[PDB]
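Protein chains in written order, with this note's numbering: chain R, 1 to 276; chain F, 1001 to 1128; chain G, 2001 to 2052; chain H, 3001 to 3340; chain Y, 4001 to 4231. For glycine and all other residues, C-beta sits at the position ideal for the given N, C-alpha and C.
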Amino acid sequence: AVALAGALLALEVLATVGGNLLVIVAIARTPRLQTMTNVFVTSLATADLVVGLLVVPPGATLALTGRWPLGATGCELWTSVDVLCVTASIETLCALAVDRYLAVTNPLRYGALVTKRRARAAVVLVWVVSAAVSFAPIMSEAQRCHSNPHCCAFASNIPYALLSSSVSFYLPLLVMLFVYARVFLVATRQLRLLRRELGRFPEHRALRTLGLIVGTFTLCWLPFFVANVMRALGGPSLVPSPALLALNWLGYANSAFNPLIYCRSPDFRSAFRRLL
Amino acid sequence: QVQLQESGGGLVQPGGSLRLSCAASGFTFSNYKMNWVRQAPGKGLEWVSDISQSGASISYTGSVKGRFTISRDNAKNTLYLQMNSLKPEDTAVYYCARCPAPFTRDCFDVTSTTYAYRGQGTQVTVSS
Amino acid sequence: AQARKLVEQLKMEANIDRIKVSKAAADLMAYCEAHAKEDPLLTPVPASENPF
Amino acid sequence: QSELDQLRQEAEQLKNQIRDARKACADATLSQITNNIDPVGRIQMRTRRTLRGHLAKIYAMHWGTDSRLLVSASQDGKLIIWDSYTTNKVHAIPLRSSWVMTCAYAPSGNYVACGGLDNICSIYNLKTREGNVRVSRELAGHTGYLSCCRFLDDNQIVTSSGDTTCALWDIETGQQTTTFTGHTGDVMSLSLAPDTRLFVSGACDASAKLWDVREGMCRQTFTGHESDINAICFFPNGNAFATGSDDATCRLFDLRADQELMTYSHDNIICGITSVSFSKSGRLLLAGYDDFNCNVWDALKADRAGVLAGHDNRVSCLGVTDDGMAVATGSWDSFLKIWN
Amino acid sequence: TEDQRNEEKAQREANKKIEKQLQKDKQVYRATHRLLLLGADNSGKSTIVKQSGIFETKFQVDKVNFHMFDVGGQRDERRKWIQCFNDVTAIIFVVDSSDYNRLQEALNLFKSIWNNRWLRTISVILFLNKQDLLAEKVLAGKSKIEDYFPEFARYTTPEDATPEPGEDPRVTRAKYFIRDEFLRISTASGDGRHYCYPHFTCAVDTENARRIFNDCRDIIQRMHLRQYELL
Ligand SMILES: O=C(O)c1cccc(-c2cccc(NCCNC[C@@H](O)c3cccc(Cl)c3)c2)c1
């Protein structure tokens, strides 16, 4: 896969960095957009910017040519950083889901329940737990390419695989699922009440948005983690490493699309027009 | 200076006909939703009917519904209210009220006790 | 006496000194040109002396 | 009864003579005689500063006498005094009634006054020996929402409200020493003359009147507009003033001519004017609008020269510094931009 | 420059202390909801209140601090000082339905509030306050709604009606006709951003505040769904 590699790597790295920079700038320099919920979006944009800036290019180089350029310590740092950033991105998506749940099912006690300081504290907690779960391999193929043979292995033991898949993807998946389920029920209820009380004299929009969000997250982050857990429990004969690397590429693609799916409001577009 | 001079009628037997002419000048007639308000003796101010800028949207009050015709001529800067089938409760003074602001679907605070863009008024009384 | 006050009030505005608009027009524009030298919005000033 | 018609008959006839006197004094339009002057061009106006500390709409502000300190009134019970150069806020005055519709800064730089729908024109003392900011007087003599008030001295605040009347208060004792009557509708904005010997008031009846601070009776009446009168200010010469109505049409009036000079109207704008002010030379007429952005009107040509922006909600107030160095506009977006 | 340095450093400490106080009051301001109240002179707006120009009434229902005030001092004209209330959560429009003669005047006022440039995004909570007198008038039969409302001759009770026990069908037809007269005004220009919440209440009702808390919640909730591109 070299014919389509260059275009994909370019349109991933450049798109990721451009989108995340645009979102961060339009949030920081525009006082209108500094709402009580955009600190979570700022954290998501920071994580995605780091992924698309200093994680994707080394991954692409290792994928095309199975030879790591740096040393064992270099890709040790790379693995820790990418685990940190991906965990932070998924966890801040979970935080955004919880914020939307609280803002919709408690519309009156919303500006007095989650304030700016509390939201920033939650973001810091998400980042620190991501760092804690990512720095585990530093502390504490059966050790085949881990002795610097110009390899280095993300193949990890079963306990860490289960812990990472639980903290980083499975719990955010469950919370995302039922939070947005409740939001979908309340949205449909309100839409039905609105249409009954407006056409008393002689389209589906919530479904589109919620399905879009949950799909563009699950389609891109479920197969990779399923592959990880299957490879950990079974072994290496179950799934080849190149397929798992391709799935990680899809995960990085999701990190790229995240700025586009959470910044569709007309305020962001108007700010973008001012910035461009 | 906005002026709204009126030329109507006087004593008419019930069931007769009358025509109200509202000559307007000093403002762009085309942009303003003129109204019609009456005040029966010893009574407050009440609204009769309104007509939009072009003459498309016309509404009437319930009591004066089905007997009064309101039409505006934006070319000659004047408003008309032709009335038929008079009732003893139509004895009142008629004001050819204008609207506070142009290009507004809602014409707000038009039946106030003290209003600026409102004509002097003419007396229309029905009796024998 | 609402109309009696109105008619005498209107007569009060009828005795105000009036000049031609043409001569009044020249007076208005002359002041702008005379004080055009000290108008930062009209004539921009060097950024060193700009306090903002 | 019958005597009213005869007086009305004669009042109309002598009113026609005023029209004839105005017609006889109408030589030619100001636009014709001024067509030979060089246009200002296209003024590049940029957001040199931004001031963001208010929680809701900003309804009015008044530049201090030193062209550095400004005071802003927002409908939150907060009267914040900013420092334009360093963006700092010197004081944050907590009001009693949240709904404030006007504000003013003393030409001596010591007192600040405000008060809106609560019918009370409170006056706040700044430089106090107690270390705090307190209220000096509570002027309560109006029946109707209080719309605008500009100081004339440290004791000669002039207040215009919604009861068709304007008053010349006395801060020392709090009683109205003069009350001007003659308007038929709400009186929204008023401006004092540079010599403060006679001021004007714009009312919600398409008419502007010239008042005398000492004599206390109406002097001149100006009616050539179409709707309410949202803002008004004198030409810096002190012998002219231009006002903006709610029909999207600014007009400039001349006191000596007793006529209407120019019609600052554009064939596209359908949003009324909410604030008018002049530059230090009177060439630039900066008029706010409801279409979410301001304007810069060439006062001697009626041709737009430069359009400002940066506000996502309507602009309601627009003040120019005493030295003319900068213009600060406040909008219903809680954002007080300073523009140079 | 030592004296100069002590000035701008003093302002920063002054700015820091003030900004701390402002942020403390920022959270409180966002936690209180404002509700403009206006109606007819004899509508009974003060009757709902069972807790100068502006009379303020603060009530705490379900731990949420509401801020409801009535404007009475100002004169009849309201086309200039009503633009000041475009930031309120809702507008409580209480109007009496007993006096049929003074109902068309109220209809124009509600229509004027609905189609206002700066009030087009303000939901109007509608109250009817004289049901006891409304039932008595129609049952007596001396005053007909027909002579003031000729469109009442061809009106039938709606299928969604919920008449109270022990109520004449004549009253129910009269009650819902006025309600459907106001709703036809709102729905003809409702752009999906502001809504009407008609209610029926006599002068002796006890839960006249919960019916606002259960409706301000719906108004704010519908505001969040619309601003998330989700409604
Ligand atoms: O043993 C070998 O010989 C061998 C050879 C060539 C490649 C690999 C291999 C094996 C597994 C993973 C990855 N790269 C992906 C590393 N980022 C993962 C990071 O993107 C992420 C994302 C989400 C969750 C987590 Cl825990 C981690 C590479 C192993």
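> Using a beta-carbon distance below 9 Å, is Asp3303 (chain H) in contact with chain G?
Replying inline: Position 303 of the fourth sequence, counted from the start, is the residue given in the question as residue 3303 (chain H). No, no contact with chain G.
>> Per DSSP, what are the beta-bridge partners of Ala3287 (chain H) in this structure?
In response: The residue given as residue 3287 (chain H) occupies position 287 in the fourth sequence. Its beta-bridge partners are H:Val3276.
> Hey, how far is the Cα of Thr3087 (chain H) from the Cα of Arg4075 (chain Y)?
Replying inline: One-based indexing of the fourth sequence puts residue 3087 (chain H) at position 87. One-based indexing of the fifth sequence puts residue 4075 (chain Y) at position 75. One C-alpha to the other measures close to 40 Å.
> With a CB to CB cut of under 7 Å and the five nearest residues on each side skipped, what residues in its chain are close to residue 997 (chain F)?
Replying inline: Since the first residue shown for chain F is 1001 and the last is 1128, residue 997 (chain F) is missing from the structure and cannot be characterised.
>> Which residues of the region 1069 to 1099 of chain F have a Cβ closer than 9 Å to any Cβ of chain Y? Give them in chain order.
In response: none
> From which residue to which residue does the beta strand (DSSP E) around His3091 (chain H) run?
Replying inline: Position 91 of the fourth sequence, counted from the start, is the residue given in the question as residue 3091 (chain H). Its beta strand (DSSP E) spans residues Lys3089 to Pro3094.
> What residues in the region 3146 to 3169 of chain H bring their beta carbon closer than 9 Å to a beta carbon of chain F?
Replying inline: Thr3164
> If we call anything under 9 Å between Cβ atoms a contact, is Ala3193 (chain H) one with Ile3157 (chain H)?
Replying inline: What you label residue 3193 (chain H) is simply residue 193 of the fourth sequence in a count that begins at 1. What you label residue 3157 (chain H) is simply residue 157 of the fourth sequence in a count that begins at 1. Going by C-beta atoms, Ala3193 (chain H) is not nearer than 9 Å to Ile3157 (chain H).
>> Tell me which residues of the region 3212 to 3224 of chain H have at least one Cβ-Cβ distance to chain G shorter than 9 Å, keeping chain order.
In response: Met3217, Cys3218, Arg3219, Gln3220 and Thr3221
>> Please confirm whether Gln4104 (chain Y) has its beta-carbon closer than 9 Å to some beta-carbon of chain F.
In response: As a working note, residue 4104 (chain Y) is residue 104 in the fifth sequence. Closer than 9 Å to some Cβ of chain F, the Cβ of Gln4104 (chain Y) qualifies, so yes.
> Going along chain Y, which residues have a C-beta under 7 Å from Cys1107 (chain F)?
Replying inline: Residue mapping note: residue 1107 (chain F) aligns to position 107 of the second sequence, counting from 1. Simply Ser4112.
> Could one say the Cβ of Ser1063 (chain F) lies closer than 9 Å to chain Y's Cβ atoms, at least one of them?
Replying inline: Within the second sequence, numbered from 1, the residue matching residue 1063 (chain F) stands at position 63. Interface residue, yes.
> From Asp267 (chain R) to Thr2043 (chain G), what does the alpha carbon distance come to, in whole angstroms?
Replying inline: Here the question's residue 267 (chain R) lines up with position 267 in the first sequence. Here the question's residue 2043 (chain G) lines up with position 43 in the third sequence. Each residue's Cα considered, the two are about 36 Å apart.
> Once you ignore the five residues that flank residue 942 (chain F) on each side, which residues in its own chain have a CB closer than 7 Å to its CB?
Replying inline: Nothing can be reported for residue 942 (chain F): it is not among the residues displayed for chain F, which extend from 1001 to 1128.
> What residue from F:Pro1041, F:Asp1090, F:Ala1101 and F:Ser1054 has the CA that sits closest to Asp3228 (chain H)'s CA?
Replying inline: For the purposes of this step, residue 3228 (chain H) is identified with residue 228 of the fourth sequence, where counting begins at 1. If we check each option's Cα against that of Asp3228 (chain H), F:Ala1101 comes out closest.
> For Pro4198 (chain Y), which residues of its own chain have a beta-carbon under 6 Å away from its beta-carbon, when the five flanking residues on both sides are left out?
Replying inline: Counted from its first residue, the fifth sequence places residue 4198 (chain Y) at position 198. For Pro4198 (chain Y), where only same-chain residues beyond five positions count, the Cβ hits under 6 Å are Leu4126 and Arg4179.
> Should the region 4196 to 4216 of chain Y be regarded as contacting the region 168 to 186 of chain R, the criterion being three or more beta carbon pairs within less than 8 Å?
Replying inline: no
> What residue ranges within the region 83 to 113 of chain R form continuous alpha helix (DSSP H) runs of no fewer than 4 residues, ordered along the chain?
Replying inline: none
> Under the rule that 16 or more other beta-carbon atoms within 10 Å means buried, what is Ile1058 (chain F), buried or exposed?
Replying inline: Mapped onto the second sequence, residue 1058 (chain F) falls at position 58. Counting Cβ neighbours within 10 Å, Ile1058 (chain F) comes out exposed, since fewer than 16 surround it.
> Taking the alpha carbon of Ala1056 (chain F) as the point to measure from, which residue in F:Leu1018, F:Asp1073 and F:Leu1020 has its own alpha carbon closest?
Replying inline: Translated into the one-based positions of the second sequence, residue 1056 (chain F) becomes position 56. It is F:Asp1073 whose Cα lies nearest to the Cα of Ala1056 (chain F).
>> For a contact defined as C-beta to C-beta under 7 Å, what are the partners of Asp3228 (chain H) on chain F?
In response: In the fourth sequence, counting from the first residue as 1, residue 3228 (chain H) sits at position 228. What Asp3228 (chain H) touches in chain F: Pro1100.
> By the criterion of Cβ-Cβ separation under 9 Å, what are the contact partners of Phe201 (chain R) in chain Y?
Replying inline: As a working note, residue 201 (chain R) is residue 201 in the first sequence. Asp4180, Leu4183, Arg4184, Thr4187 and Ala4188, listed in chain order.
>> Tell me which residue opens and which closes the beta strand (DSSP E) that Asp1050 (chain F) is part of.
In response: Here the question's residue 1050 (chain F) lines up with position 50 in the second sequence. Per DSSP, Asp1050 (chain F) belongs to the beta strand (DSSP E) from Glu1046 to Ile1051.
> What in chain H is Cβ-close to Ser2022 (chain G), meaning under 7 Å?
Replying inline: Position 22 of the third sequence, counted from the start, is the residue given in the question as residue 2022 (chain G). Correct list: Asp3027, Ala3028 and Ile3033.
> Thinking C-alpha only, which one of Y:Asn4015, Y:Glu4019 and Y:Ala4090 is nearest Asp4218 (chain Y)?
Replying inline: The residue you call residue 4218 (chain Y) lines up with position 218 of the fifth sequence. Taking only the C-alpha atoms, the option nearest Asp4218 (chain Y) is Y:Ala4090.
> Candidates R:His150, R:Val51, R:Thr115 and R:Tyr110: which alpha carbon is nearest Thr65 (chain R)'s?
Replying inline: Taking the first sequence and counting its residues from 1, the one referred to as residue 65 (chain R) is at position 65. For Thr65 (chain R), the nearest C-alpha among the options comes from R:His150.
> In chain Y, which residues lie with their C-beta within 9 Å of the C-beta of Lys3057 (chain H)?
Replying inline: On the fourth sequence, position 57 is the one that residue 3057 (chain H) refers to. Correct list: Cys4084, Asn4086 and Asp4087.
> Run through DSSP, which three-state label would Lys4058 (chain Y) get?
Replying inline: As a working note, residue 4058 (chain Y) is residue 58 in the fifth sequence. Looking at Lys4058 (chain Y) - three-state DSSP - the assignment turns out to be strand.
> alpha helix (DSSP H) containing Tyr180 (chain R): first to last residue?
Replying inline: Taking the first residue of the first sequence as position 1, residue 180 (chain R) is located at position 180. Note, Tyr180 (chain R): alpha helix (DSSP H), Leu171 to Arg196.
>> Quick check on DSSP: helix, strand or coil for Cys3233 (chain H)?
In response: For the purposes of this step, residue 3233 (chain H) is taken as the residue at position 233 of the fourth sequence. Strand.
>> Within 9 Å of any Cβ in chain H, is that where the Cβ of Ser4052 (chain Y) sits?
In response: The residue you call residue 4052 (chain Y) lines up with position 52 of the fifth sequence. Cβ-Cβ to chain H under 9 Å: yes for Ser4052 (chain Y).
> alpha helix (DSSP H) containing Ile138 (chain R): first to last residue?
Replying inline: Within the first sequence, the letter at position 138 stands for residue 138 (chain R). Note, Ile138 (chain R): premise wrong, no alpha helix (DSSP H); not H, not E.
> Is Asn148 (chain R) near ligand 3, judged by its Cβ being under 8 Å from some heavy atom?
Replying inline: Absent from the structure shown: ligand 3. Ligands present: ligand 1.
> Nearest chain B C-beta to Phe4149 (chain Y) closer than 9 Å, yes or no?
Replying inline: The structure shown contains no chain B; its protein chains are R, F, G, H and Y.
>> Distance check for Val1124 (chain F) and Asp1090 (chain F), CA to CA, integer angstroms please.
In response: Position 90 of the second sequence, counted from the first residue, corresponds to residue 1090 (chain F). Position 124 of the second sequence, counted from the first residue, corresponds to residue 1124 (chain F). Going by the C-alpha atoms only, they are around 8 Å apart.
> Taking Cβ-Cβ distances shorter than 7 Å, what residues in chain H pair up with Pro31 (chain R)?
Replying inline: Position 31 of the first sequence, counted from the start, is the residue given in the question as residue 31 (chain R). Chain H residues near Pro31 (chain R): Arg3052.
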